[PDB]
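Asks: Dropping the structure in here first, questions after.
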Amino acid sequence: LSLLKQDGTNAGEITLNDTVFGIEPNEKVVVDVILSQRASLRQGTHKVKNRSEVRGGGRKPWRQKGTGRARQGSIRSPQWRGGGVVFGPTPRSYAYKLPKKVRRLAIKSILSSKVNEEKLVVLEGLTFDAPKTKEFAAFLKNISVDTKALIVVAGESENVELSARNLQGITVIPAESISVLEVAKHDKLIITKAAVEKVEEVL
Amino acid sequence: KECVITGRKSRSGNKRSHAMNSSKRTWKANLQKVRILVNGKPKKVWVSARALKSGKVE
Amino acid sequence: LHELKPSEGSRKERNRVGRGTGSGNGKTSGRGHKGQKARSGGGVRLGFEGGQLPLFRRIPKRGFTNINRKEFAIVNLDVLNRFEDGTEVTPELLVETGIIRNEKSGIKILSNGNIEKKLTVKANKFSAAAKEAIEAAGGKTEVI
Amino acid sequence: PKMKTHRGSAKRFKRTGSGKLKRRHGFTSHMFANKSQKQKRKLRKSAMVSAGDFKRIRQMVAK
RNA sequence: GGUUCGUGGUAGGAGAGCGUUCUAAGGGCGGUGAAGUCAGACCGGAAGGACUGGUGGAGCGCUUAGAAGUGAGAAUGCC
RNA sequence: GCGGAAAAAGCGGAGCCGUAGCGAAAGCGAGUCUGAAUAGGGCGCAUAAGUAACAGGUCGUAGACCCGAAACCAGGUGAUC
RNA sequence: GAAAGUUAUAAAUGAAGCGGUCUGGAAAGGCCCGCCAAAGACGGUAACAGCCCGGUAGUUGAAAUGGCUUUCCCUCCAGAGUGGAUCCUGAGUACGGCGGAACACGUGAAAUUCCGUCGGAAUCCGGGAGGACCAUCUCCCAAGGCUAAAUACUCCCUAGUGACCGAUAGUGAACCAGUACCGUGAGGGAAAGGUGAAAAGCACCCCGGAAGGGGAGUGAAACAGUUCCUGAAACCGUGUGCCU
Ligand SMILES: [Mg+2]
Ligand SMILES: [Mg+2]
Ligand SMILES: [Mg+2]
Ligand SMILES: [Mg+2]
Ligand SMILES: [Mg+2]
Ligand SMILES: [Mg+2]
Ligand SMILES: [Mg+2]
Ligand SMILES: [Mg+2]
Ligand SMILES: [Mg+2]
Ligand SMILES: [Mg+2]
Ligand SMILES: [Mg+2]
Ligand SMILES: [Mg+2]
Ligand SMILES: [Mg+2]
Ligand SMILES: [Mg+2]
Ligand SMILES: [Mg+2]
Ligand SMILES: [Mg+2]
Ligand SMILES: [Mg+2]
Ligand SMILES: [Mg+2]
Ligand SMILES: [Mg+2]
Ligand SMILES: [Mg+2]
Ligand SMILES: [Mg+2]
Ligand SMILES: [Mg+2]
Ligand SMILES: [Mg+2]
Ligand SMILES: [Mg+2]
Ligand SMILES: [Mg+2]
Ligand SMILES: [Mg+2]
Ligand SMILES: [Mg+2]
Ligand SMILES: [Mg+2]
Ligand SMILES: [Mg+2]
Ligand SMILES: [Mg+2]
Ligand SMILES: [Mg+2]
Ligand SMILES: [Mg+2]
Ligand SMILES: [Mg+2]
Ligand SMILES: [Mg+2]
Ligand SMILES: [Mg+2]
Ligand SMILES: [Mg+2]
Ligand SMILES: [Mg+2]
Ligand SMILES: [Mg+2]
């Protein structure tokens, strides 16, 4: 597919590895990995007090027989107004991983999908002399993005992270850090040639 | 109530029936009141028979 | 991300008892009426037979465990065909190839299947049939 | 926590290749005057756990 | 798409769904009036869902997935 | 566990399950055990599919669907009745 | 003991719209134009604000005290080889019997470790262990002491996070709560959040002793009137279309 520069001009074409960017996407696998990665983000810091954990409750409120009232064991029994919760949330992890091979297939398939749909833009360089958000915004217009976009870069390029930091739909990541959920969260995928090399090197 | 030389004293454990019912009991040390001088001056102190065995003041 | 469709039949809705009679699991919530099995935490322990002497106590204990029990990793002839002709096949080669991962007490060659290639196969043990079959092809079995 | 194996059972049953349980016979200590030699030969052999019993106990000896 | 035989039902098995709170992502509504609330002769096979008008005065749907403190008329239930 | 954003990968093969069973065991092995047996019979093989993860059902250990005793034990508080 | 550095405990500076117009009580909203961005965190502001305010990114800052890290001061300090005459190498100790306990191990064939009691070694030609025990071999040298890190927990402090609660929930406690109240005492132990953007919290008149009303006025609204957002149901009334 085509290879274009920051300015937006064509710079020849580049050949993506068909074992990474060519394979027939496995949608079922991508969905499974997305659900797992969403589940793994959960903090799961939720808790309620059961009848043991609620303050007080110790004594039998009134004698078992004779008073004409329903028999009760504690003022913190669950049917009592301020009483214990019966089950309800307990702190737990929601994290789980599918097997490594399925996780590799998922990233291969989501990246292949982006090529098929023509959402993947392969940039020769992408760098900035100084951190300047105006310049990065202008760059996006030259590439004709005008959506959410994941930017993937290799060379340290500290100025690229800073320049895109304040833009709302835009996420800049290393290339080592490319994940199924990050690619799925963004419409366009802008990648530098140097980053493509690093992604193919892993997959 | 403790050996001044060693530290021998009461320790707990079980009494066991045939049928192996357990109940708590103690083992007291064989402490004897005797005059010795740990400090320069003599004094009546608990000492275990075991501690007296061999070399002691009396 | 707004069009996610998990594989058809991979996920099912859990059954919720005690949520009304329309569902078919209302009121008694699938437990039927009364008795030990209708109660919270109810039910007898696993093998319990309501006081009839359980099966395991009707029948005697048998045997002992050998402290020095050896268990050999088994390699049937068929997998030796994988190797090239006139090859020396050692334990270290069998684990490098990944034919046996853990070498419990040693590697023993068994006859199941047949062998085509000429191989010099060293293992800790061979079945009588193994030795014959390796030699019948034209091999030399060594016992390390 | 892990399920615990029933140790009484682990000392009495053996799992076969097909995954069934093999057992020994009961009446095989003392009182041998009261049993016939035919009974003795039969009781000396192993037996399989019945379907009914297997359903009841299989979790006790998983692993 | 037809044909044939079926379709009372407690315990109970099986299936398909409705609705509630929250999350994600798409796409929307809302001071020209959100949610709630009140009323009605509307719609769907049911759970249920709209529309219109009053009150209300600022938030809330919808689609697809996900997760549950997810549905009450009875407990001499608790307030 | 290292690495890292309470990331994602990558690394990590120790271990686990499966690929062979039979026998109390020594052991032998597509057989093996019993047996004097080349017999018969038991369990196996001839009739390979497993494993990892998630979801449903059910079970086990946990209060384990919720409410309810009379009681038991431990440390205290009471002879202003 | 100094000195230097650094962190903490106050702070400082900090880009860009009073843009036009629509609705409105009010504009941060709609429509139409701009602009800043290492700053589009969060909150506030008369409805929803990167450009109105406090701020935020970035860049600066400490008289004083405390922590930390370096360097200096100060303080302290012998370590290799060769023989084996002799000497030393933890005693009521190890171990054993009896009685207990700890060992996953219930006295068992019961090693190992500890306690009470009684008995009681060897001591380099020595001693212990390898799950009764003996022999061989192997590995170790008890009966003296010290020792950071990797581990446990959180009354606290700082900065954050949540497919956690949202006033019968969440802490018992959003509110002067371990209060009120109950109990001789130990102890038990509540209920109870919302005027409005702003008090502009209703001058004045009228009935009434007052309370409370009705006007008038404020306000977007007072059927928002000092407990005052919404205001369901039970329950209590007035009126009346049809029936009795
Ligand atoms: Mg309690
Ligand atoms: Mg009554
Ligand atoms: Mg109770
Ligand atoms: Mg309360
Ligand atoms: Mg509560
Ligand atoms: Mg269902
Ligand atoms: Mg039924
Ligand atoms: Mg009912
Ligand atoms: Mg019933
Ligand atoms: Mg009955
Ligand atoms: Mg029953
Ligand atoms: Mg009986
Ligand atoms: Mg016998
Ligand atoms: Mg029917
Ligand atoms: Mg019919
Ligand atoms: Mg069912
Ligand atoms: Mg809501
Ligand atoms: Mg309401
Ligand atoms: Mg509920
Ligand atoms: Mg009621
Ligand atoms: Mg008693
Ligand atoms: Mg007293
Ligand atoms: Mg008196
Ligand atoms: Mg400013
Ligand atoms: Mg106007
Ligand atoms: Mg408002
Ligand atoms: Mg506001
Ligand atoms: Mg003893
Ligand atoms: Mg024990
Ligand atoms: Mg010994
Ligand atoms: Mg002793
Ligand atoms: Mg010893
Ligand atoms: Mg031994
Ligand atoms: Mg042992
Ligand atoms: Mg020594
Ligand atoms: Mg409360
Ligand atoms: Mg409320
Ligand atoms: Mg009031």
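Chain labels A, B, ... are given in the sequence in which chains occur in the structure tokens; within each chain residues are numbered consecutively from 1, and ligands are likewise numbered from 1 in the order shown.
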Could you build a table of the residues in chain G lying no more than 8 Å from ligand 29, giving for each the nearest pair of atoms and their separation in Å rounded to one decimal place, using only C-alpha atoms (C1' of nucleotides) and all ligand atoms, ordered by chain and ascending residue number, as a Markdown table?
Replies:
| residue | atom | partner | partner_atom_place_in_ligand_line | distance |
| --- | --- | --- | --- | --- |
| G:102 | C1' | ligand 29 | 1 (Mg) | 7.7 |
| G:103 | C1' | ligand 29 | 1 (Mg) | 7.3 |
| G:105 | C1' | ligand 29 | 1 (Mg) | 6.5 |
| G:106 | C1' | ligand 29 | 1 (Mg) | 6.0 |
Asks: Residues as selected, N, CA and C atoms (P, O5', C5', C4', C3', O3' and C1' of nucleotides), written as a PDB file, in the first residue's frame, can you do that?
Replies:
ATOM      1  P     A G 102       0.434 -31.082  70.769  1.00  0.00           P
ATOM      2  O5'   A G 102       1.824 -30.626  70.102  1.00  0.00           O
ATOM      3  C5'   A G 102       2.200 -29.234  70.211  1.00  0.00           C
ATOM      4  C4'   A G 102       3.531 -29.022  69.535  1.00  0.00           C
ATOM      5  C3'   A G 102       3.561 -29.324  68.035  1.00  0.00           C
ATOM      6  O3'   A G 102       2.999 -28.219  67.331  1.00  0.00           O
ATOM      7  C1'   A G 102       5.465 -30.268  69.083  1.00  0.00           C
ATOM      8  P     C G 103       2.367 -28.651  65.918  1.00  0.00           P
ATOM      9  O5'   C G 103       3.694 -29.090  65.127  1.00  0.00           O
ATOM     10  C5'   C G 103       3.664 -30.308  64.353  1.00  0.00           C
ATOM     11  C4'   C G 103       5.074 -30.711  64.004  1.00  0.00           C
ATOM     12  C3'   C G 103       5.222 -31.455  62.673  1.00  0.00           C
ATOM     13  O3'   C G 103       5.286 -30.476  61.637  1.00  0.00           O
ATOM     14  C1'   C G 103       6.466 -32.563  64.400  1.00  0.00           C
ATOM     15  P     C G 105       0.766 -33.499  63.238  1.00  0.00           P
ATOM     16  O5'   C G 105       1.091 -34.959  62.657  1.00  0.00           O
ATOM     17  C5'   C G 105       0.049 -35.955  62.620  1.00  0.00           C
ATOM     18  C4'   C G 105       0.706 -37.309  62.576  1.00  0.00           C
ATOM     19  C3'   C G 105       1.659 -37.608  63.736  1.00  0.00           C
ATOM     20  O3'   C G 105       0.904 -38.257  64.739  1.00  0.00           O
ATOM     21  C1'   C G 105       2.706 -38.133  61.657  1.00  0.00           C
ATOM     22  P     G G 106       1.181 -37.764  66.238  1.00  0.00           P
ATOM     23  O5'   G G 106      -0.030 -38.601  66.874  1.00  0.00           O
ATOM     24  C5'   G G 106      -0.411 -38.379  68.244  1.00  0.00           C
ATOM     25  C4'   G G 106      -1.617 -39.233  68.544  1.00  0.00           C
ATOM     26  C3'   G G 106      -1.533 -40.701  68.096  1.00  0.00           C
ATOM     27  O3'   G G 106      -2.257 -41.559  68.973  1.00  0.00           O
ATOM     28  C1'   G G 106      -3.409 -39.722  67.145  1.00  0.00           C
TER      29        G G 106
END
Asks: Name the residues in contact with region 50-54 of chain C at a cut-off of 10 Å, using only C-alpha atoms (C1' of nucleotides), excluding same-chain residues fewer than 6 positions from it; report them as a list in words.
Replies: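 Here the qualifying residues turn out to be residues 44 of chain C; 53 and 57 of chain D.
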Asks: Write out as a list in words all residues of chain B that backbone DSSP assigns to strand (DSSP E or B).
Replies: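 These are the residues in question: residues 11, 12, 13, 14, 15, 16, 22, 23, 24, 25, 26, 27, 31, 32, 33, 34, 35, 36, 43, 44, 45, 46, 47 and 48 of chain B.
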Asks: Could you please extract the residues within 12 Å of ligand 21, counting only C-alpha atoms (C1' of nucleotides) and all ligand atoms, and hand them back as a list in words?
Replies: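 Within the 12 Å cut-off, the matching residues are residues 71, 72 and 73 of chain F.
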Asks: Near region 11-21 of chain F, counting only C-alpha atoms (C1' of nucleotides), which residues have an atom at most 10 Å away, once you skip same-chain residues fewer than 4 positions from it, shown as number ranges by chain?
Replies: C: 74-76, 99-101, 110, 112; D: 16-17; F: 1-3, 29-32, 43-45, 48-51
Asks: Counting only C-alpha atoms (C1' of nucleotides), a student should be able to say which residues of chain B come within 8 Å of chain G; what is the right answer, written as an MDAnalysis selection string?
Replies: chainID B and resid 11 13:15 27:30 50 53:54
Asks: Residues of the last selection are to be written out with N, CA and C atoms, as a short mmCIF file (atom, residue, chain, number, x, y, z; two decimals), in the first residue's frame.
Replies:
data_model
loop_
_atom_site.label_atom_id
_atom_site.label_comp_id
_atom_site.auth_asym_id
_atom_site.auth_seq_id
_atom_site.Cartn_x
_atom_site.Cartn_y
_atom_site.Cartn_z
N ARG B 11 4.84 -26.06 83.94
CA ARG B 11 4.47 -26.04 82.53
C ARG B 11 3.26 -26.94 82.32
N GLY B 13 0.33 -29.31 80.24
CA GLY B 13 0.24 -30.39 79.28
C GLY B 13 -1.02 -31.20 79.56
N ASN B 14 -1.09 -32.43 79.06
CA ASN B 14 -2.31 -33.21 79.20
C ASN B 14 -2.11 -34.38 80.15
N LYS B 15 -3.14 -34.66 80.95
CA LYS B 15 -3.34 -35.96 81.55
C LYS B 15 -4.22 -36.77 80.61
N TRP B 27 3.20 -29.75 85.02
CA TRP B 27 4.39 -30.36 85.59
C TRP B 27 5.12 -29.29 86.39
N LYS B 28 5.13 -29.44 87.72
CA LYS B 28 5.90 -28.55 88.56
C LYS B 28 7.36 -29.01 88.57
N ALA B 29 8.28 -28.06 88.73
CA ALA B 29 9.68 -28.39 88.94
C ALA B 29 9.86 -28.89 90.37
N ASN B 30 10.91 -29.68 90.61
CA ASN B 30 11.18 -30.21 91.94
C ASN B 30 11.95 -29.16 92.74
N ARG B 50 17.53 -30.67 90.44
CA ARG B 50 18.42 -30.88 89.31
C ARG B 50 19.59 -29.90 89.38
N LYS B 53 21.99 -30.98 92.19
CA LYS B 53 22.78 -32.12 91.77
C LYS B 53 24.10 -31.60 91.19
N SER B 54 25.22 -32.09 91.73
CA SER B 54 26.56 -31.61 91.42
C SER B 54 26.95 -30.50 92.41
#
Asks: List the neighbours of residue 68 (chain E) out to 10 Å using only C-alpha atoms (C1' of nucleotides); skip same-chain residues closer than 3 positions along the sequence, and give me the result as a PDB file with C-alpha atoms (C1' of nucleotides), in the first residue's frame.
Replies:
ATOM      1  CA  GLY A  88     -23.885  -8.408  47.101  1.00  0.00           C
ATOM      2  CA  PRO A  89     -20.482  -7.275  45.850  1.00  0.00           C
TER       3      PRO A  89
ATOM      4  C1'   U E  21     -28.866  -0.185  37.622  1.00  0.00           C
ATOM      5  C1'   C E  22     -24.019   0.322  35.802  1.00  0.00           C
TER       6        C E  22
ATOM      7  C1'   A G 163     -18.709  -1.117  34.901  1.00  0.00           C
TER       8        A G 163
END
Asks: Counting only C-alpha atoms (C1' of nucleotides) and all ligand atoms, name the residues that have an atom within 12 Å of an atom of ligand 23; the answer should be given as a PyMOL selection string.
Replies: chain F and resi 79-81
Asks: Which neighbours of residue 44 (chain D) fall inside 10 Å, counting only C-alpha atoms (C1' of nucleotides), when residues of the same chain fewer than 5 positions from it are skipped, and could you give them as JSON, numbers by chain?
Replies: {"D": [24, 25, 26, 27, 28, 38, 39]}
Asks: Once you count only C-alpha atoms (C1' of nucleotides), what closest atom pair and distance in Å to one decimal does each residue of chain F within 12 Å of chain A have, with rows by chain and rising residue number, as a Markdown table?
Replies:
| residue | atom | partner | partner_atom | distance |
| --- | --- | --- | --- | --- |
| F:3 | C1' | A:176 | CA | 11.8 |
| F:4 | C1' | A:177 | CA | 9.5 |
| F:5 | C1' | A:177 | CA | 10.3 |
| F:6 | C1' | A:43 | CA | 7.5 |
| F:7 | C1' | A:41 | CA | 8.3 |
| F:8 | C1' | A:179 | CA | 4.9 |
| F:9 | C1' | A:176 | CA | 6.5 |
| F:10 | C1' | A:202 | CA | 8.3 |
| F:51 | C1' | A:99 | CA | 11.1 |
| F:52 | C1' | A:99 | CA | 6.2 |
| F:53 | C1' | A:98 | CA | 5.1 |
| F:54 | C1' | A:98 | CA | 8.0 |
| F:55 | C1' | A:32 | CA | 11.4 |
| F:63 | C1' | A:52 | CA | 9.9 |
| F:64 | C1' | A:87 | CA | 10.0 |
| F:65 | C1' | A:86 | CA | 9.7 |
| F:66 | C1' | A:86 | CA | 8.0 |
| F:67 | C1' | A:72 | CA | 7.7 |
| F:68 | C1' | A:71 | CA | 5.9 |
| F:69 | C1' | A:64 | CA | 7.2 |
| F:70 | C1' | A:64 | CA | 9.1 |
Asks: Could you give me, as number ranges by chain, each residue of chain C that DSSP assigns to helix (DSSP H, G or I) when run on this structure's backbone?
Replies: C: 21-23, 36-38, 55-58, 77-82, 91-97, 128-137
Asks: Please, could you write that set of residues out with N, CA and C atoms as an mmCIF file, in the first residue's frame?
Replies:
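The file below, part.cif, is the result:
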data_model
loop_
_atom_site.group_PDB
_atom_site.id
_atom_site.type_symbol
_atom_site.label_atom_id
_atom_site.label_comp_id
_atom_site.auth_asym_id
_atom_site.auth_seq_id
_atom_site.Cartn_x
_atom_site.Cartn_y
_atom_site.Cartn_z
ATOM 1 N N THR C 21 -43.193 -17.331 39.606
ATOM 2 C CA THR C 21 -43.692 -18.668 39.202
ATOM 3 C C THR C 21 -43.653 -18.816 37.680
ATOM 4 N N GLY C 22 -43.743 -17.710 36.938
ATOM 5 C CA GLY C 22 -43.671 -17.710 35.464
ATOM 6 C C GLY C 22 -42.415 -18.395 34.949
ATOM 7 N N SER C 23 -41.278 -18.199 35.614
ATOM 8 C CA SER C 23 -39.960 -18.734 35.185
ATOM 9 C C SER C 23 -39.912 -20.259 35.338
ATOM 10 N N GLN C 36 -34.352 -32.519 54.204
ATOM 11 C CA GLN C 36 -32.947 -32.070 54.351
ATOM 12 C C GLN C 36 -32.515 -31.307 53.096
ATOM 13 N N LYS C 37 -32.900 -31.775 51.904
ATOM 14 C CA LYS C 37 -32.372 -31.238 50.619
ATOM 15 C C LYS C 37 -33.015 -29.887 50.278
ATOM 16 N N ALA C 38 -34.118 -29.513 50.930
ATOM 17 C CA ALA C 38 -34.785 -28.208 50.717
ATOM 18 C C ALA C 38 -34.125 -27.102 51.550
ATOM 19 N N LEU C 55 -20.265 -47.801 50.591
ATOM 20 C CA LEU C 55 -19.624 -48.853 49.761
ATOM 21 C C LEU C 55 -18.179 -49.048 50.228
ATOM 22 N N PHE C 56 -17.410 -47.965 50.365
ATOM 23 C CA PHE C 56 -15.942 -48.045 50.583
ATOM 24 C C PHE C 56 -15.639 -48.803 51.884
ATOM 25 N N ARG C 57 -16.539 -48.811 52.872
ATOM 26 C CA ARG C 57 -16.287 -49.548 54.142
ATOM 27 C C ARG C 57 -16.742 -51.006 54.041
ATOM 28 N N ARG C 58 -17.452 -51.400 52.983
ATOM 29 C CA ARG C 58 -17.916 -52.803 52.820
ATOM 30 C C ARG C 58 -16.763 -53.639 52.263
ATOM 31 N N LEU C 77 7.852 -47.050 18.754
ATOM 32 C CA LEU C 77 8.611 -47.054 17.469
ATOM 33 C C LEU C 77 8.111 -45.970 16.506
ATOM 34 N N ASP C 78 6.788 -45.832 16.344
ATOM 35 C CA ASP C 78 6.144 -44.988 15.297
ATOM 36 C C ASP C 78 6.803 -43.602 15.242
ATOM 37 N N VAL C 79 7.139 -43.021 16.399
ATOM 38 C CA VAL C 79 7.678 -41.631 16.519
ATOM 39 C C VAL C 79 9.147 -41.592 16.077
ATOM 40 N N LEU C 80 9.848 -42.732 16.077
ATOM 41 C CA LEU C 80 11.277 -42.822 15.663
ATOM 42 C C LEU C 80 11.398 -42.643 14.144
ATOM 43 N N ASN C 81 10.321 -42.907 13.392
ATOM 44 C CA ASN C 81 10.245 -42.699 11.918
ATOM 45 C C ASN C 81 10.471 -41.217 11.595
ATOM 46 N N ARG C 82 10.076 -40.322 12.511
ATOM 47 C CA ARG C 82 10.287 -38.849 12.428
ATOM 48 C C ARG C 82 11.743 -38.554 12.046
ATOM 49 N N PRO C 91 18.531 -39.966 24.465
ATOM 50 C CA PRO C 91 17.568 -39.218 25.283
ATOM 51 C C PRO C 91 17.594 -37.702 25.030
ATOM 52 N N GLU C 92 18.781 -37.085 25.063
ATOM 53 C CA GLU C 92 18.964 -35.617 24.873
ATOM 54 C C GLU C 92 18.356 -35.188 23.530
ATOM 55 N N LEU C 93 18.430 -36.036 22.499
ATOM 56 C CA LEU C 93 17.867 -35.749 21.150
ATOM 57 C C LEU C 93 16.336 -35.855 21.193
ATOM 58 N N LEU C 94 15.800 -36.819 21.951
ATOM 59 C CA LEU C 94 14.339 -37.089 22.067
ATOM 60 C C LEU C 94 13.632 -35.927 22.775
ATOM 61 N N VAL C 95 14.332 -35.216 23.669
ATOM 62 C CA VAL C 95 13.773 -34.081 24.470
ATOM 63 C C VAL C 95 13.958 -32.765 23.701
ATOM 64 N N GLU C 96 15.058 -32.619 22.952
ATOM 65 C CA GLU C 96 15.312 -31.463 22.046
ATOM 66 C C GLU C 96 14.217 -31.410 20.972
ATOM 67 N N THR C 97 13.953 -32.539 20.308
ATOM 68 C CA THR C 97 12.857 -32.727 19.316
ATOM 69 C C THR C 97 11.496 -32.470 19.977
ATOM 70 N N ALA C 128 11.447 -56.477 24.728
ATOM 71 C CA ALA C 128 12.016 -57.549 23.879
ATOM 72 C C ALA C 128 11.649 -57.281 22.416
ATOM 73 N N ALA C 129 10.383 -56.932 22.158
ATOM 74 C CA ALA C 129 9.835 -56.638 20.812
ATOM 75 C C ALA C 129 10.529 -55.409 20.213
ATOM 76 N N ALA C 130 10.765 -54.361 21.018
ATOM 77 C CA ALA C 130 11.455 -53.116 20.598
ATOM 78 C C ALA C 130 12.803 -53.490 19.980
ATOM 79 N N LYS C 131 13.660 -54.131 20.782
ATOM 80 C CA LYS C 131 15.039 -54.530 20.404
ATOM 81 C C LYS C 131 14.974 -55.268 19.062
ATOM 82 N N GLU C 132 14.145 -56.315 18.985
ATOM 83 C CA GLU C 132 13.955 -57.162 17.774
ATOM 84 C C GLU C 132 13.601 -56.272 16.575
ATOM 85 N N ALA C 133 12.649 -55.348 16.752
ATOM 86 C CA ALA C 133 12.074 -54.505 15.676
ATOM 87 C C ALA C 133 13.119 -53.505 15.167
ATOM 88 N N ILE C 134 13.870 -52.868 16.074
ATOM 89 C CA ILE C 134 14.950 -51.896 15.725
ATOM 90 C C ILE C 134 16.024 -52.652 14.933
ATOM 91 N N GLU C 135 16.396 -53.849 15.400
ATOM 92 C CA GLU C 135 17.444 -54.713 14.792
ATOM 93 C C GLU C 135 16.950 -55.263 13.448
ATOM 94 N N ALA C 136 15.661 -55.616 13.355
ATOM 95 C CA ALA C 136 15.009 -56.170 12.141
ATOM 96 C C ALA C 136 15.101 -55.160 10.990
ATOM 97 N N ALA C 137 15.054 -53.862 11.309
ATOM 98 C CA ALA C 137 15.241 -52.741 10.358
ATOM 99 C C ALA C 137 16.730 -52.608 10.007
#
Asks: What is the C1' of residue 66 (chain E)-CA of residue 12 (chain C) distance in Å, reported with one decimal?
Replies: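 Answer for the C1' of residue 66 (chain E) to CA of residue 12 (chain C) separation: 13.0 Å.
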Asks: Quick one: which residues from chain C are at most 9 Å off chain A, using only C-alpha atoms, as a list in words?
Replies: residues 1, 4, 5, 6 and 7 of chain C
Asks: Using N, CA, C and O atoms, can you write the selected residues to a file as a PDB file, in the first residue's frame?
Replies:
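After the write, again-v7.pdb holds the following:
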ATOM      1  N   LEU C   1     -16.465  -1.825  18.068  1.00  0.00           N
ATOM      2  CA  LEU C   1     -16.711  -1.761  19.538  1.00  0.00           C
ATOM      3  C   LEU C   1     -18.188  -1.472  19.844  1.00  0.00           C
ATOM      4  O   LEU C   1     -18.589  -1.665  21.011  1.00  0.00           O
ATOM      5  N   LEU C   4     -20.000  -5.450  18.561  1.00  0.00           N
ATOM      6  CA  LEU C   4     -19.409  -6.699  19.113  1.00  0.00           C
ATOM      7  C   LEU C   4     -20.472  -7.801  19.091  1.00  0.00           C
ATOM      8  O   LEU C   4     -21.601  -7.549  19.558  1.00  0.00           O
ATOM      9  N   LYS C   5     -20.115  -8.973  18.558  1.00  0.00           N
ATOM     10  CA  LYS C   5     -20.981 -10.180  18.523  1.00  0.00           C
ATOM     11  C   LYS C   5     -20.146 -11.381  18.973  1.00  0.00           C
ATOM     12  O   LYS C   5     -19.432 -11.953  18.129  1.00  0.00           O
ATOM     13  N   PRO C   6     -20.176 -11.773  20.264  1.00  0.00           N
ATOM     14  CA  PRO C   6     -19.501 -12.992  20.707  1.00  0.00           C
ATOM     15  C   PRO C   6     -20.014 -14.197  19.905  1.00  0.00           C
ATOM     16  O   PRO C   6     -21.190 -14.211  19.575  1.00  0.00           O
ATOM     17  N   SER C   7     -19.126 -15.151  19.603  1.00  0.00           N
ATOM     18  CA  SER C   7     -19.428 -16.417  18.880  1.00  0.00           C
ATOM     19  C   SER C   7     -20.776 -16.971  19.358  1.00  0.00           C
ATOM     20  O   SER C   7     -20.977 -17.057  20.586  1.00  0.00           O
TER      21      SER C   7
END
Asks: What do you get as a list in words if you pick all residues at most 10 Å from ligand 6, counting only C-alpha atoms (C1' of nucleotides) and all ligand atoms?
Replies: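 I would give the residues around ligand 6 as residues 12, 13, 14, 15, 16, 17 and 23 of chain C; 15, 16 and 17 of chain E; 56 of chain F.
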